[PDB]
Number of protein chains: 2
Amino acid sequence: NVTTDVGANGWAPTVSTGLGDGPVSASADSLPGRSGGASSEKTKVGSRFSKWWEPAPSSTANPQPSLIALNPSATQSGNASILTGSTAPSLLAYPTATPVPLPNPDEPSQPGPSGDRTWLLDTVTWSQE
Amino acid sequence: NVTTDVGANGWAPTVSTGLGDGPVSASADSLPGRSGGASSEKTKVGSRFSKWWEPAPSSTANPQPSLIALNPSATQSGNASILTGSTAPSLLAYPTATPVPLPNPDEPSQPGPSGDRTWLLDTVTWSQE
């Protein structure tokens, strides 16, 4: 629905020719390796060329009460837990993405429950000023 | 279950006779016309005689909370809406009745949403005196 060329999301034979030229595009790199990159979702070598020498949160149908009413929830991580007795927002801002092949071959070192836990980062004062 | 005559809810042949008379009663008038009268439910002429010249709201099983608790409801009419966050009475005092044939033949003029709407009738003060 546009006069401009948005790209065919890849490389086509009819794009670059000796009779006519269109805008060049990059294709997706197909790489092997260990799955990583995306958090909460991550879980013989030979060259391919011959050598010359080789042969809903917000909804009116579900209104959440004020501080007065009982509406408890909790957040847990590792051996840490934080409770509340009233309406509290608790949302993953963005949905988790799909894992990708890593360029490095080394196996990862994981801290586990000792690292992935809820830590008391800081205690601060909130004044009316 | 009464000694008195409450009426047979109509006109019977045995009521008025030359040998005996009972209390006369009126019958229902069967009339044609446009359906009207009852609100929220309303939606060739020839004479029948020859001429001489012619050939639960309140229930203990469902107790409604005080002003403190969340118990929202709303009332809408036209483009007007009134909300509340606590227990609120909202009752049609009497059930709507059945429509009746109108004596007048003219088609009604309706204001629609511009007329049937919730209007701010008045603002008044309620003192302890």
Side-chain angles (χ1 to χ4, degrees), chain A residues 1-2 38-42 56-99 111-129, chain B residues 38-43 56-99 110-129:
Chain A
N1 299 357
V2 295
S39 58
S40 299
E41 293 294 320
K42 57 192 177 183
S58 186
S59 183
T60 55
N62 295 313
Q64 297 179 267
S66 62
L67 193 81
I68 319 162
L70 170 72
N71 192 34
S73 58
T75 54
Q76 286 180 348
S77 185
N79 57 58
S81 175
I82 298 169
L83 307 170
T84 179
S86 301
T87 298
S90 183
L91 188 84
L92 176 70
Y94 313 145
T96 55
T98 48
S114 58
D116 297 345
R117 201 178 62 91
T118 311
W119 303 77
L120 179 73
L121 185 62
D122 207 344
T123 305
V124 75
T125 321
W126 171 35
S127 184
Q128 63 179 351
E129 61 178 43
Chain B
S39 58
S40 299
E41 293 294 320
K42 57 192 177 183
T43 181
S58 186
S59 183
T60 55
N62 295 313
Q64 297 179 267
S66 62
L67 193 81
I68 319 162
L70 170 72
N71 192 34
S73 58
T75 54
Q76 286 180 348
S77 185
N79 57 58
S81 175
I82 298 169
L83 307 170
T84 179
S86 301
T87 298
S90 183
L91 188 84
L92 176 70
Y94 313 145
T96 55
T98 48
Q110 299 156 44
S114 58
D116 297 345
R117 201 178 62 91
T118 311
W119 303 77
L120 179 73
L121 185 62
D122 207 344
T123 305
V124 75
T125 321
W126 171 35
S127 184
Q128 63 179 351
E129 61 178 43

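Computation of the quantities below employed the complete heavy-atom set of this structure, encompassing side-chain atoms and omitting hydrogens, waters and symmetry-equivalent molecules. Sequence lines set the chain letters: A, B, ... in the order given, protein chains first and strands last, and positions in each chain run from 1.
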If contact means a heavy atom pair closer than 4.5 Å, which residues of residues 63-73 of chain A contact chain B? A:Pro63, A:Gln64, A:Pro65, A:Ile68
List for me each residue that meets side chain to side chain contact (heavy atoms under 4.5 Å, CB included) alongside B:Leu92, sequence neighbours excluded, and say none if there are none. B:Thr96
Chain B contact residues among residues 115-122 of chain A, heavy-atom distance under 4.5 Å: none
Tell me, please, which residues at least two apart from A:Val2 pass side chain to side chain contact (heavy atoms under 4.5 Å, CB included). A:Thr4, A:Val6
